[PDB]
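Below is one structure, written out as structure tokens; the observations come after it.
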Amino acid sequence: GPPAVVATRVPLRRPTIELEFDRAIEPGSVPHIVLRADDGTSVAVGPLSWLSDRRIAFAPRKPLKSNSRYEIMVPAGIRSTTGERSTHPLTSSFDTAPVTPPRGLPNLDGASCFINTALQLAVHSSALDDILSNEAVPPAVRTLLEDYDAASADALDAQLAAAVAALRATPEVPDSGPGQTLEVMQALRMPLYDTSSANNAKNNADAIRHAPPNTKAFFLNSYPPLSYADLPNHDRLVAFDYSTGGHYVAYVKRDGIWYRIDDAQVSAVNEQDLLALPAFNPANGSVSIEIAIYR
Amino acid sequence: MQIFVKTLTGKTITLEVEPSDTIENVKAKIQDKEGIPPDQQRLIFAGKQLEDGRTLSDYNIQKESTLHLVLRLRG
Ligand code: NA
């Protein structure tokens with residue numbers, strides 16, 4: 001048979017990637033492996049280390065985007081030593097997102113759950129690196145988002161207080177008191193696809209399903225409101241907000257596990273718990289889910 | 001003319017309006033009756049969010065039409 005990939009290991013923004021093939025490869029026959037982003041953009045790789053006659057390790061020449069999927073693409077024409085050539089590319093996929101659990105963001109000022117929840121969604125989004133380089137977003141917010149995983153407890157809490165103050169000083173976010181997750185997304189300049197503005201749908205779910213390819217963040221402003229079971233494309237969903245009308249929590253996914261984050265409290269949750277979430281609170285009429293983040 | 005605004009608490013609000021009423025005007029009438037600030041209201045007709053500077057006429061809302069009200073309470 002022609003060569004095949006039988007294992008992929010990513011053991012960051014410049015990861016080392018290992019590919020293992022089923023049989024020894026003619027080394028001259030793999031000169032331009034690339035990683036491709038979801039829009040087709042190619043990133044070249046550096047030299048190939050031959051860990052064996054059938055296992056290679058390499059790294060992209062340039063830093064990859066945070067929270068992003070990349071296809072490892074081995075062009076057609078790779079050849080085994082036994083002479084068989086592939087007629088199609090060999091591909092594998094990975095994501096640059098971290099796999100460690102996410103972190104709590106305490107409700108320092110007592111009315112910040114809408115800010116904390118929006119920051120959790122932003123730090124899980126494919127838009128993160130765009131936020132980090134956006135000079136219209138307050139520097140303190142960018143600082144917090146950039147070292148969310150690595151910051152010490154004390155540093156995280158200091159950075160969070162600075163970020164909240166900077167957000168509250170923007171026009172979009174209330175200067176004190178409770179708010180809405182959309183306000184914070186507007187301050188972060190995160191592009192959102194409003195489902196109501198869809199030219200090819202009259203409800204939330206269909207607007208998401210028939211949006212332009214590679215739309216990654218949605219604002220659910222059509223009708224009826226969606227439950228978790230109703231969100232399309234669960235395989236690519238990575239975060240959403242959840243309001244009871246009076247309080248917000250974030251749901252975020254890392255390494256195939258969903259977490260519920262209520263301010264400082266992080267819990268790992270089951271698919272069953274997500275499936276039980278209502279689309280709105282029937283007691284006060286307030287919508288549950290307004291922001292959905294896809295990888 | 002009379003329109004009906006249905007909520008997710010299962011209430012129907014009956015409003016007396018005119019085709020030339022702005023959406024902001026309709027939210028003000030809801031605020032008067034129900035004590036909900038306009039910035040915590042979303043109004044919907046035929047799946048579309050109604051925008052604050054448009055009129056009922058802009059959306060072809062006619063006598064006896066039914067709108068949905070979705071609340072967006074602060075947290
Ligand atoms: Na403000």
Side-chain angles (χ1 to χ4, degrees), chain A residues 103-125 127-128 130-148 151 155-194 196 217-221 239-250 261-264 284 286-293, chain B residues 23-24 27-28 31 35-43 49 51-53 70-75:
Chain A
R103 323 255 316 247
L105 296 175
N107 186 15
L108 295 179
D109 73 7
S112 286
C113 55
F114 74 106
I115 294 169
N116 298 336
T117 291
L119 287 168
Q120 295 291 0
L121 265 55
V123 85
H124 290 79
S125 77
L128 174 59
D130 301 321
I131 299 170
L132 293 185
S133 67
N134 194 326
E135 299 299 308
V137 176
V141 169
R142 292 185 275 147
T143 293
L144 170 72
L145 291 172
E146 189 274 339
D147 74 341
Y148 171 98
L156 185 77
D157 293 349
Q159 290 170 199
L160 176 63
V164 166
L167 284 167
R168 287 197 186 265
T170 72
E172 296 89 349
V173 175
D175 297 340
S176 63
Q180 296 141 338
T181 46
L182 173 66
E183 294 171 323
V184 181
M185 298 311 195
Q186 291 171 324
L188 295 180
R189 303 288 192 264
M190 168 186 304
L192 295 168
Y193 186 91
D194 295 343
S196 177
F218 294 86
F219 182 64
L220 282 52
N221 69 337
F240 57 96
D241 65 343
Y242 182 79
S243 175
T244 52
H247 192 74
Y248 277 104
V249 303
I261 313 180
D262 184 354
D263 298 322
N284 61 13
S286 201
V287 61
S288 295
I289 306 172
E290 288 199 307
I291 307 173
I293 306 297
Chain B
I23 305 309
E24 188 41 83
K27 293 186 176 177
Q31 180 178 35
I36 310 163
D39 74 353
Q40 294 170 43
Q41 294 179 45
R42 173 182 296 127
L43 287 172
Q49 174 173 294
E51 296 295 338
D52 266 358
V70 173
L71 294 202
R72 305 177 66 242
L73 297 181
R74 295 174 176 298

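Counting starts at 1 for both ligands and their atoms, in listed order. Basis for what follows: all heavy atoms, side chains included, without hydrogens, waters or symmetry-related copies. So that the names make sense, note that chain A is the first sequence line, chain B the second, and so on, each numbered from 1.
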Metal check, the Na ion (ligand 1) vs A/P171 N/O/S, cut-off below 3.0 Å: no
Pair B/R72-B/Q40, side-chain donor/acceptor within less than 3.5 Å: no
Under-4.0 Å salt bridge between A/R168 and A/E183: no
Carboxylate-amine/guanidinium contact B/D52 B/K27, below 4.0 Å: yes
Which N, O or S atom of A/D175 lies nearest to the Na ion (ligand 1), by name: OD1
Any N, O or S atom of A/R168 closer than 3.0 Å to the Na ion (ligand 1): yes
Donor-acceptor side-chain pairing of A/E290 and A/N221 below 3.5 angstrom: no
